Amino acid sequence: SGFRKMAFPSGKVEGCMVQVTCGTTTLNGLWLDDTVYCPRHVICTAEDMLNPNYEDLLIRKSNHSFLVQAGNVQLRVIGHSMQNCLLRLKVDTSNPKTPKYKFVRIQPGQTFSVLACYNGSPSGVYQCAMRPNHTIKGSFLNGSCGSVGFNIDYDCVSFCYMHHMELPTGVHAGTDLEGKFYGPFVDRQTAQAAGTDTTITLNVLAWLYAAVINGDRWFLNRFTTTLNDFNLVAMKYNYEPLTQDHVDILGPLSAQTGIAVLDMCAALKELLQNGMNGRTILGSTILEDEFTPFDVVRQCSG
């Protein structure tokens, strides 16, 4: 079947992207039904960015302080309110392209699709994973903000991310669609830093199973390991501790390939200790961790 890092088709999300301006700041907003969601920092100026008091900044705005545009058409704002780090603007007209959707706060290690936008227009779509330290290793330029992360299950779009900033290390942070930041960050230009990050062990194993269902078994061995002994080694390599739930999650893939979870762990263990000796797995030269077990069983043949 082959193996690609694919994103969900982005069309359902494209039809919700609008432009939102306040003062001289413009960024992206998400338009669903009669509401537009966007990062509350759209209300700041250049001097507000260091110690903004959003509450104080917002009370000084009216509905006509917000300019929302769908393409070249202006959408009138008839209401506004702040929810955590987002602004909820009510508009007098409804988005007919609004898909079935829900707001979900994903878990670290979980994957999602991002539709990077600039001035309310789609630029590109890529798939990534919420890092264990809550940051995203994305690709955002200035004016990206407002862009969203999402997953699609059938015809229902699950929105899980909205962009707000870049951390000194070049990685990115944001919130769920309720405005709550993912990670210990705040939306202000202050010295902030991501916590230590780890490789998502659950995903590497899902991926190794991807290589196997795909006909590749070179990295397997005749050993086995206990959960404890596997973790004692994996932790040495900065890998997320593997739990019994994680092993269960791998149950389906396990039964599909005939390789016990602990035996696959034994294989991973060896790979960590001896490198790949120049070989590749699914074309890759390093252990890949942005594929959840779910992504694996979805992209690969049952």
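Start at 1 with the first residue shown and count on from there. Whichever C-alpha set is largest while still superposing within 1.5 Å between the two forms counts as the rigid core.
Of 32-40 and 48-56, which departs more from this form in 4 other deposited structures of this protein by CA RMS after core fitting: Comparing 32-40 with 48-56, the one that moves more in 4 other deposited structures of this protein is 48-56.
Given 107-115 and 188-196, the range whose Cα B-factors average higher in the PDB entry: The stretch with the larger mean CA B-factor is 188-196.
Between 69-77 and 96-104 (mean CA B-factor, as deposited), the higher: Mean CA B-factor is higher for 69-77.
Out of 265, 59, 276, 42, residue topping the C-alpha B-factor column of the entry: It is 276.
Selection from 151, 224, 84, 123 [criterion: highest C-alpha temperature factor in the record]: In the PDB entry, the greatest C-alpha B-factor among 151, 224, 84, 123 is found at 224.
Record-listed C-alpha B factor of residue 249: chain third: Within its chain, residue 249 is a middle-third residue by C-alpha B-factor, going by the deposited values.
For residue 88, the third of its chain into which the C-alpha B factor falls: As the PDB entry reports it, the C-alpha B-factor of residue 88 lands in the middle third of its chain.
Modelled-residue ranking by C-alpha temperature factor, third containing residue 209: Answer is middle: the recorded C-alpha B-factor places it there.
Entry-reported Cα temperature factor of residue 155, expressed as the chain third it lands in: As the PDB entry reports it, the C-alpha B-factor of residue 155 lands in the highest third of its chain.
Relative C-alpha B-factor of residue 10, binned into the chain's lowest, middle or highest third: CA B-factor rank for residue 10: lowest third.
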